[PDB]
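Content type compact mmCIF, N, CA, C and O atoms, from the file upload-v9.txt:
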```
# COMPACT_ATOMS: atom_id res chain seq x y z
N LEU A 1 59.56 152.08 -10.06
CA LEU A 1 58.48 152.02 -9.08
C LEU A 1 57.86 150.63 -9.01
O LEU A 1 57.47 150.18 -7.93
N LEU A 2 57.79 149.92 -10.14
CA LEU A 2 57.28 148.55 -10.09
C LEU A 2 58.23 147.62 -9.33
O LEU A 2 57.78 146.72 -8.61
N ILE A 3 59.54 147.85 -9.48
CA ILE A 3 60.52 147.08 -8.72
C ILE A 3 60.34 147.29 -7.22
O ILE A 3 60.32 146.33 -6.43
N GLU A 4 60.16 148.55 -6.83
CA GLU A 4 59.98 148.85 -5.41
C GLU A 4 58.67 148.30 -4.87
O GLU A 4 58.61 147.84 -3.71
N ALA A 5 57.63 148.27 -5.71
CA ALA A 5 56.37 147.66 -5.31
C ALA A 5 56.51 146.17 -5.06
O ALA A 5 55.97 145.64 -4.08
N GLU A 6 57.26 145.48 -5.92
CA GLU A 6 57.47 144.05 -5.72
C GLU A 6 58.26 143.78 -4.45
O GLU A 6 57.96 142.82 -3.71
N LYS A 7 59.24 144.63 -4.15
CA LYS A 7 60.03 144.46 -2.93
C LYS A 7 59.18 144.60 -1.68
O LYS A 7 59.24 143.76 -0.76
N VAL A 8 58.35 145.65 -1.62
CA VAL A 8 57.58 145.87 -0.41
C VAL A 8 56.47 144.82 -0.27
O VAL A 8 56.16 144.39 0.85
N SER A 9 55.96 144.30 -1.39
CA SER A 9 54.96 143.24 -1.30
C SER A 9 55.57 141.94 -0.78
O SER A 9 54.94 141.22 0.01
N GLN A 10 56.80 141.64 -1.19
CA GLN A 10 57.46 140.44 -0.69
C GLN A 10 57.74 140.55 0.81
O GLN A 10 57.58 139.57 1.55
N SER A 11 58.12 141.74 1.27
CA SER A 11 58.34 141.91 2.71
C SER A 11 57.03 141.75 3.49
O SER A 11 57.02 141.17 4.59
N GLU A 12 55.92 142.21 2.92
CA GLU A 12 54.65 142.09 3.63
C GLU A 12 54.18 140.64 3.71
O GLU A 12 53.63 140.22 4.74
N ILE A 13 54.39 139.85 2.65
CA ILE A 13 53.96 138.46 2.75
C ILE A 13 54.88 137.68 3.68
O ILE A 13 54.45 136.71 4.32
N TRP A 14 56.13 138.14 3.84
CA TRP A 14 56.97 137.55 4.87
C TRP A 14 56.44 137.84 6.27
O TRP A 14 56.45 136.95 7.13
N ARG A 15 55.96 139.06 6.50
CA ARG A 15 55.40 139.37 7.82
C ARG A 15 54.15 138.55 8.11
O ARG A 15 53.98 138.03 9.23
N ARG A 16 53.27 138.38 7.12
CA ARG A 16 52.07 137.59 7.35
C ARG A 16 52.40 136.12 7.59
O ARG A 16 51.75 135.45 8.42
N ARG A 17 53.42 135.62 6.89
CA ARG A 17 53.89 134.26 7.12
C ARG A 17 54.37 134.09 8.56
O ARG A 17 53.99 133.12 9.23
N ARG A 18 55.13 135.06 9.06
CA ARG A 18 55.65 134.99 10.42
C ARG A 18 54.52 135.01 11.45
O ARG A 18 54.58 134.31 12.47
N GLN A 19 53.47 135.78 11.18
CA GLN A 19 52.34 135.80 12.09
C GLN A 19 51.63 134.45 12.14
O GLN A 19 51.21 133.99 13.22
N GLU A 20 51.52 133.77 10.99
CA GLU A 20 50.93 132.43 11.01
C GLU A 20 51.81 131.44 11.77
O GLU A 20 51.29 130.55 12.46
N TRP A 21 53.14 131.58 11.64
CA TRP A 21 54.06 130.77 12.44
C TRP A 21 53.80 130.95 13.92
O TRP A 21 53.79 129.97 14.69
N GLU A 22 53.56 132.19 14.34
CA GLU A 22 53.38 132.45 15.76
C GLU A 22 52.08 131.87 16.28
O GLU A 22 52.02 131.36 17.41
N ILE A 23 51.02 131.91 15.46
CA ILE A 23 49.75 131.30 15.87
C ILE A 23 49.90 129.79 16.03
O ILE A 23 49.38 129.20 17.00
N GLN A 24 50.65 129.16 15.12
CA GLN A 24 50.90 127.72 15.27
C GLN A 24 51.70 127.40 16.52
O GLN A 24 51.41 126.39 17.19
N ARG A 25 52.68 128.24 16.86
CA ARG A 25 53.46 128.01 18.07
C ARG A 25 52.60 128.09 19.32
O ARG A 25 52.73 127.26 20.23
N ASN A 26 51.69 129.07 19.36
CA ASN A 26 50.84 129.21 20.53
C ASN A 26 49.85 128.06 20.66
O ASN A 26 49.56 127.63 21.79
N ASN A 27 49.35 127.53 19.54
CA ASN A 27 48.49 126.35 19.64
C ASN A 27 49.24 125.14 20.17
O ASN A 27 48.69 124.37 20.97
N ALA A 28 50.49 124.97 19.74
CA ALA A 28 51.28 123.84 20.23
C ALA A 28 51.54 123.94 21.72
O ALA A 28 51.40 122.94 22.45
N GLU A 29 51.88 125.13 22.21
CA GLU A 29 52.14 125.29 23.64
C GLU A 29 50.87 125.09 24.47
O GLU A 29 50.93 124.50 25.56
N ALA A 30 49.72 125.53 23.95
CA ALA A 30 48.46 125.32 24.66
C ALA A 30 48.12 123.84 24.77
O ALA A 30 47.69 123.38 25.84
N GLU A 31 48.33 123.09 23.69
CA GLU A 31 48.06 121.65 23.74
C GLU A 31 49.01 120.95 24.71
O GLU A 31 48.61 120.00 25.40
N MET A 32 50.24 121.45 24.81
CA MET A 32 51.19 120.86 25.74
C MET A 32 50.76 121.05 27.20
O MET A 32 50.80 120.10 28.00
N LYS A 33 50.32 122.26 27.55
CA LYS A 33 49.82 122.47 28.91
C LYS A 33 48.56 121.66 29.18
O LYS A 33 48.36 121.17 30.31
N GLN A 34 47.71 121.50 28.17
CA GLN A 34 46.53 120.65 28.29
C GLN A 34 46.89 119.22 28.65
O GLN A 34 46.29 118.62 29.55
N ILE A 35 47.90 118.67 27.98
CA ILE A 35 48.24 117.27 28.20
C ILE A 35 48.91 117.08 29.57
O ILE A 35 48.70 116.06 30.24
N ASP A 36 49.64 118.09 30.04
CA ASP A 36 50.18 118.00 31.40
C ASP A 36 49.09 117.99 32.47
O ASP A 36 49.14 117.20 33.43
N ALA A 37 48.08 118.85 32.31
CA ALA A 37 46.98 118.84 33.27
C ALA A 37 46.18 117.54 33.20
O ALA A 37 45.71 117.02 34.23
N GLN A 38 46.09 116.94 32.01
CA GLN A 38 45.41 115.66 31.90
C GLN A 38 46.22 114.53 32.55
O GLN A 38 45.64 113.58 33.08
N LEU A 39 47.55 114.66 32.55
CA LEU A 39 48.38 113.73 33.32
C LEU A 39 48.09 113.81 34.81
O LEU A 39 48.08 112.77 35.50
N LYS A 40 47.90 115.02 35.33
CA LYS A 40 47.53 115.16 36.74
C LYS A 40 46.20 114.48 37.04
O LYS A 40 46.06 113.79 38.07
N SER A 41 45.23 114.62 36.14
CA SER A 41 43.96 113.93 36.30
C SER A 41 44.14 112.41 36.32
O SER A 41 43.53 111.70 37.13
N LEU A 42 45.02 111.91 35.45
CA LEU A 42 45.17 110.46 35.35
C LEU A 42 45.88 109.88 36.57
O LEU A 42 45.54 108.78 37.02
N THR A 43 46.83 110.62 37.15
CA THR A 43 47.47 110.07 38.34
C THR A 43 46.54 110.14 39.56
O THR A 43 46.64 109.29 40.47
N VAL A 44 45.59 111.08 39.56
CA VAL A 44 44.55 111.04 40.59
C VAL A 44 43.68 109.79 40.45
O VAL A 44 43.37 109.11 41.44
N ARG A 45 43.31 109.45 39.21
CA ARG A 45 42.56 108.20 38.99
C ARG A 45 43.36 106.97 39.39
O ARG A 45 42.79 105.98 39.88
N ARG A 46 44.68 107.02 39.22
CA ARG A 46 45.51 105.90 39.65
C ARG A 46 45.48 105.73 41.16
O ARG A 46 45.38 104.60 41.67
N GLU A 47 45.56 106.84 41.90
CA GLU A 47 45.47 106.77 43.36
C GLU A 47 44.13 106.20 43.81
O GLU A 47 44.06 105.41 44.77
N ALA A 48 43.05 106.57 43.11
CA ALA A 48 41.74 106.02 43.44
C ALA A 48 41.69 104.51 43.21
O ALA A 48 41.11 103.76 44.01
N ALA A 49 42.33 104.03 42.13
CA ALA A 49 42.36 102.59 41.89
C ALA A 49 43.19 101.85 42.94
O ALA A 49 42.86 100.72 43.31
N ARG B 1 13.37 58.98 87.53
CA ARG B 1 12.81 59.33 86.23
C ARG B 1 12.40 60.80 86.18
O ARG B 1 12.64 61.49 85.18
N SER B 2 11.80 61.28 87.27
CA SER B 2 11.48 62.70 87.38
C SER B 2 12.74 63.56 87.34
O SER B 2 12.77 64.62 86.69
N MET B 3 13.81 63.09 87.98
CA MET B 3 15.07 63.83 87.94
C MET B 3 15.65 63.88 86.53
O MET B 3 16.15 64.92 86.08
N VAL B 4 15.54 62.77 85.79
CA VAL B 4 16.12 62.70 84.45
C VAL B 4 15.36 63.60 83.49
O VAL B 4 15.97 64.30 82.67
N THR B 5 14.03 63.64 83.60
CA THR B 5 13.30 64.51 82.68
C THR B 5 13.49 65.98 83.03
O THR B 5 13.49 66.85 82.14
N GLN B 6 13.74 66.28 84.31
CA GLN B 6 14.14 67.64 84.65
C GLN B 6 15.47 68.00 84.00
O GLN B 6 15.62 69.09 83.42
N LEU B 7 16.41 67.06 84.02
CA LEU B 7 17.72 67.29 83.43
C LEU B 7 17.63 67.46 81.92
O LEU B 7 18.37 68.26 81.34
N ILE B 8 16.71 66.76 81.28
CA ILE B 8 16.63 66.87 79.82
C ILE B 8 15.97 68.19 79.43
O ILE B 8 16.28 68.77 78.37
N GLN B 9 15.14 68.75 80.32
CA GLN B 9 14.66 70.12 80.12
C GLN B 9 15.80 71.12 80.18
O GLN B 9 15.87 72.06 79.36
N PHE B 10 16.71 70.94 81.15
CA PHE B 10 17.88 71.82 81.21
C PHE B 10 18.75 71.71 79.96
O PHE B 10 19.29 72.71 79.48
N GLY B 11 18.88 70.49 79.43
CA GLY B 11 19.68 70.29 78.23
C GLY B 11 19.12 71.02 77.01
O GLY B 11 19.87 71.63 76.24
N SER B 12 17.79 70.98 76.85
CA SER B 12 17.16 71.72 75.75
C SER B 12 17.38 73.23 75.88
O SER B 12 17.70 73.91 74.89
N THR B 13 17.24 73.75 77.11
CA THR B 13 17.45 75.18 77.32
C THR B 13 18.89 75.59 77.02
O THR B 13 19.13 76.63 76.39
N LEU B 14 19.85 74.74 77.39
CA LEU B 14 21.25 75.06 77.15
C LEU B 14 21.59 75.05 75.67
O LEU B 14 22.37 75.89 75.20
N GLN B 15 21.00 74.11 74.92
CA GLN B 15 21.21 74.07 73.48
C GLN B 15 20.71 75.35 72.80
O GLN B 15 21.43 75.94 71.96
N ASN B 16 19.52 75.81 73.19
CA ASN B 16 18.97 77.04 72.62
C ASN B 16 19.84 78.25 72.95
O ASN B 16 20.08 79.11 72.08
N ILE B 17 20.35 78.31 74.18
CA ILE B 17 21.19 79.44 74.60
C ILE B 17 22.49 79.49 73.82
O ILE B 17 22.93 80.57 73.39
N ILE B 18 23.12 78.33 73.58
CA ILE B 18 24.39 78.30 72.86
C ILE B 18 24.21 78.78 71.43
O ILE B 18 24.97 79.64 70.94
N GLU B 19 23.18 78.27 70.74
CA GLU B 19 22.96 78.68 69.36
C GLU B 19 22.62 80.16 69.26
O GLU B 19 23.07 80.86 68.34
N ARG B 20 21.92 80.68 70.27
CA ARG B 20 21.56 82.08 70.26
C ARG B 20 22.77 82.99 70.44
O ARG B 20 22.90 84.01 69.74
N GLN B 21 23.69 82.63 71.34
CA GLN B 21 24.84 83.51 71.55
C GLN B 21 25.78 83.47 70.35
O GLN B 21 26.44 84.48 70.04
N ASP B 22 25.82 82.34 69.64
CA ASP B 22 26.67 82.29 68.46
C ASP B 22 26.11 83.17 67.35
O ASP B 22 26.87 83.87 66.66
N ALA B 23 24.78 83.19 67.21
CA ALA B 23 24.16 84.10 66.25
C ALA B 23 24.45 85.56 66.59
O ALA B 23 24.75 86.36 65.69
N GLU B 24 24.43 85.90 67.88
CA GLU B 24 24.65 87.29 68.25
C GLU B 24 26.09 87.74 67.99
O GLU B 24 26.33 88.86 67.51
N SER B 25 27.06 86.87 68.29
CA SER B 25 28.45 87.21 68.05
C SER B 25 28.73 87.38 66.56
O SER B 25 29.46 88.30 66.15
N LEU B 26 28.11 86.52 65.73
CA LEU B 26 28.25 86.65 64.28
C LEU B 26 27.70 87.98 63.78
O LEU B 26 28.30 88.63 62.91
N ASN B 27 26.57 88.42 64.36
CA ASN B 27 25.97 89.69 63.98
C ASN B 27 26.90 90.87 64.28
O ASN B 27 27.07 91.78 63.44
N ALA B 28 27.51 90.88 65.48
CA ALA B 28 28.40 91.98 65.84
C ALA B 28 29.63 92.03 64.94
O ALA B 28 30.11 93.12 64.56
N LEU B 29 30.13 90.85 64.54
CA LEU B 29 31.27 90.80 63.62
C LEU B 29 30.93 91.40 62.26
O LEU B 29 31.74 92.17 61.69
N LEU B 30 29.73 91.10 61.75
CA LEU B 30 29.29 91.68 60.48
C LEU B 30 29.21 93.20 60.55
O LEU B 30 29.57 93.90 59.59
N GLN B 31 28.76 93.73 61.70
CA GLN B 31 28.65 95.18 61.83
C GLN B 31 30.01 95.87 61.78
O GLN B 31 30.17 96.90 61.10
N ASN B 32 31.00 95.32 62.49
CA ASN B 32 32.32 95.96 62.48
C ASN B 32 32.96 95.93 61.09
O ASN B 32 33.60 96.92 60.66
N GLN B 33 32.75 94.84 60.36
CA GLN B 33 33.30 94.77 59.01
C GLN B 33 32.63 95.78 58.07
O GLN B 33 33.29 96.37 57.20
N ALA B 34 31.33 96.02 58.28
CA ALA B 34 30.64 97.06 57.51
C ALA B 34 31.22 98.44 57.79
O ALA B 34 31.32 99.28 56.88
N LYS B 35 31.64 98.68 59.04
CA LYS B 35 32.23 99.97 59.39
C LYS B 35 33.54 100.22 58.64
O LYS B 35 33.75 101.32 58.08
N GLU B 36 34.41 99.21 58.59
CA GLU B 36 35.67 99.36 57.84
C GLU B 36 35.42 99.61 56.35
O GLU B 36 36.08 100.47 55.72
N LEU B 37 34.45 98.90 55.78
CA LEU B 37 34.17 99.04 54.35
C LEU B 37 33.65 100.44 54.01
O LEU B 37 34.00 101.01 52.96
N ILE B 38 32.84 101.03 54.90
CA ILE B 38 32.31 102.35 54.59
C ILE B 38 33.41 103.41 54.70
O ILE B 38 33.39 104.42 53.98
N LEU B 39 34.43 103.16 55.54
CA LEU B 39 35.59 104.07 55.56
C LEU B 39 36.32 104.09 54.22
O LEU B 39 36.66 105.17 53.68
N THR B 40 36.55 102.90 53.66
CA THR B 40 37.24 102.82 52.36
C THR B 40 36.46 103.52 51.25
O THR B 40 37.05 104.27 50.44
N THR B 41 35.14 103.32 51.22
CA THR B 41 34.35 103.96 50.16
C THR B 41 34.31 105.48 50.30
O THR B 41 34.23 106.20 49.29
N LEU B 42 34.41 105.99 51.54
CA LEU B 42 34.53 107.44 51.72
C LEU B 42 35.80 108.00 51.10
O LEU B 42 35.77 109.05 50.43
N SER B 43 36.94 107.32 51.33
CA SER B 43 38.19 107.78 50.73
C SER B 43 38.13 107.77 49.20
O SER B 43 38.64 108.69 48.53
N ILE B 44 37.47 106.75 48.63
CA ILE B 44 37.35 106.67 47.18
C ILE B 44 36.50 107.81 46.62
O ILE B 44 36.82 108.39 45.57
N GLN B 45 35.46 108.21 47.35
CA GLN B 45 34.64 109.33 46.90
C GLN B 45 35.41 110.65 46.93
O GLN B 45 35.23 111.52 46.06
N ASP B 46 36.30 110.80 47.92
CA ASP B 46 37.16 111.98 47.97
C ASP B 46 38.07 112.07 46.76
O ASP B 46 38.23 113.15 46.16
N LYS B 47 38.67 110.94 46.36
CA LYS B 47 39.51 110.95 45.17
C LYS B 47 38.71 111.23 43.90
O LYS B 47 39.24 111.84 42.95
N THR B 48 37.44 110.84 43.87
CA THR B 48 36.58 111.17 42.73
C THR B 48 36.38 112.68 42.59
O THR B 48 36.48 113.23 41.48
```
Have the structure of the file written as structure tokens, please.
Amino acid sequence: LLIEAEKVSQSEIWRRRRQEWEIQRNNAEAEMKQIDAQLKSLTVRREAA
Amino acid sequence: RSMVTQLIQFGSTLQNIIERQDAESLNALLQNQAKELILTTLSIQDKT
């Protein structure tokens, strides 16, 4: 039973690790869309200049 | 002599008229240039 407890605990910390990976991926994609919209702002400023 | 002083009165009047019309033409030119400049500043405000 202790062996089986260690196995299921290792699987659970793998799942929590994967969830943290997914949160990092979503932050990276959000920053990428942010920088594209800021590029649109900058080319508008270029047209004004 | 009376004829000559009459003529010099005409000369003074003509000098004043010439300087006055040059001032007026310069004024109209300044106004048209102001019109073009305000068009450009409108476009810049749109981009803002």
*Kindly provide, as a PyMOL selection string, the residues of chain A having any atom no farther than 9 Å from an atom of chain B, counting only C-alpha atoms.*
chain A and resi 44-45+47-49
Just N, CA, C and O atoms for this one: save the residues we selected as an mmCIF file, keeping the file's coordinate frame.
```cif
data_model
loop_
_atom_site.group_PDB
_atom_site.id
_atom_site.type_symbol
_atom_site.label_atom_id
_atom_site.label_comp_id
_atom_site.auth_asym_id
_atom_site.auth_seq_id
_atom_site.Cartn_x
_atom_site.Cartn_y
_atom_site.Cartn_z
ATOM 1 N N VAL A 44 45.590 111.080 39.560
ATOM 2 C CA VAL A 44 44.550 111.040 40.590
ATOM 3 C C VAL A 44 43.680 109.790 40.450
ATOM 4 O O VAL A 44 43.370 109.110 41.440
ATOM 5 N N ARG A 45 43.310 109.450 39.210
ATOM 6 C CA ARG A 45 42.560 108.200 38.990
ATOM 7 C C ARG A 45 43.360 106.970 39.390
ATOM 8 O O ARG A 45 42.790 105.980 39.880
ATOM 9 N N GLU A 47 45.560 106.840 41.900
ATOM 10 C CA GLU A 47 45.470 106.770 43.360
ATOM 11 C C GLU A 47 44.130 106.200 43.810
ATOM 12 O O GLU A 47 44.060 105.410 44.770
ATOM 13 N N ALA A 48 43.050 106.570 43.110
ATOM 14 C CA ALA A 48 41.740 106.020 43.440
ATOM 15 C C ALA A 48 41.690 104.510 43.210
ATOM 16 O O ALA A 48 41.110 103.760 44.010
ATOM 17 N N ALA A 49 42.330 104.030 42.130
ATOM 18 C CA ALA A 49 42.360 102.590 41.890
ATOM 19 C C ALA A 49 43.190 101.850 42.940
ATOM 20 O O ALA A 49 42.860 100.720 43.310
#
```
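Between atom N of residue 32 of chain A and atom C of residue 13 of chain A the separation is 27.0 Å.
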*Figure out the distance between atom N of residue 14 of chain B and atom N of residue 1 of chain B, please, to one decimal in Å.*
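Separating atom N of residue 1 of chain B from atom N of residue 14 of chain B is a distance of 19.8 Å.
What separates atom O of residue 9 of chain A from atom O of residue 21 of chain A is a distance of 18.5 Å.
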